[PDB]
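Asks: 3D model of this:
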Amino acid sequence: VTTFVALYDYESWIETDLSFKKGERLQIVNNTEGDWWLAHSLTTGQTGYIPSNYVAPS
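Replies: Numbering: from 1, shown residues only. The relevant structure is shown in the block below.
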């Protein structure tokens, strides 16, 4: 539906976060409410929380 792209690298020490590379495609699992979103990587297949301000619709 709506695909998002990472705007910056994100590496987290919280293992339930999704870490990702600038340019990687991600998707939202729930909705766009909140500053932290449950997300899924379209490249690694992993699911985890991400900061909303690190991604944009592509």
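
Asks: and the closest residue to residue 55 other than its chain neighbours, how many neighbours?
Replies: Nearest non-adjacent residue to residue 55, counting by CB to CB, 6 or more residues apart in numbering: residue 4, 4.3 Å away. Placement of C-beta: from N, CA and C, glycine included. Neighbourhood size, residue 4 [other CB atoms under 10 Å]: 22.

Asks: likewise residue 34?
Replies: 11.

Asks: Not counting residues beside it along the chain, what's closest to it?
Replies: Residue 34 sits nearest to residue 52 (CB to CB, 6+ apart), 6.8 Å away.

Asks: tell me the phi and psi of the one you found?
Replies: Phi and psi for residue 52, reported as degrees, to the nearest 10, are phi -60, psi -30.

Asks: Looks like it contacts residue 32 (just checking).
Replies: Yes. With contact defined as CB atoms under 8 Å, residue 52 reaches residue 32; the gap is 7.2 Å.

Asks: More neighbours: which of these two?
Replies: Neighbours were counted for residue 52 and for residue 32 using other CB under 10 Å; residue 52 has more, 16 against 11.

Asks: which ones are touching residue 19?
Replies: For residue 19, the contacting residues are 10, 11, 12, 48, taking CB atoms under 8 Å, 6 or more residues apart in numbering as the criterion.

Asks: Closest one of the residues you listed to residue 18?
Replies: Checking the contacts of residue 19 against residue 18 with CB to CB, the nearest one is residue 48 at 3.4 Å.

Asks: The residue nearest to residue 55 against residue 29, yeah?
Replies: No. In this structure, residue 4 is not within contact of residue 29 by CB under 8 Å, at 11.5 Å.

Asks: Quickly list what's touching both of these two.
Replies: With CB under 8 Å, 6+ apart, residue 4 and residue 29 have common neighbours residue 39.

Asks: Distance of residue 15 relative to residue 47?
Replies: Distance, residue 15 to residue 47, using CB to CB, to the nearest Å: 12 Å.
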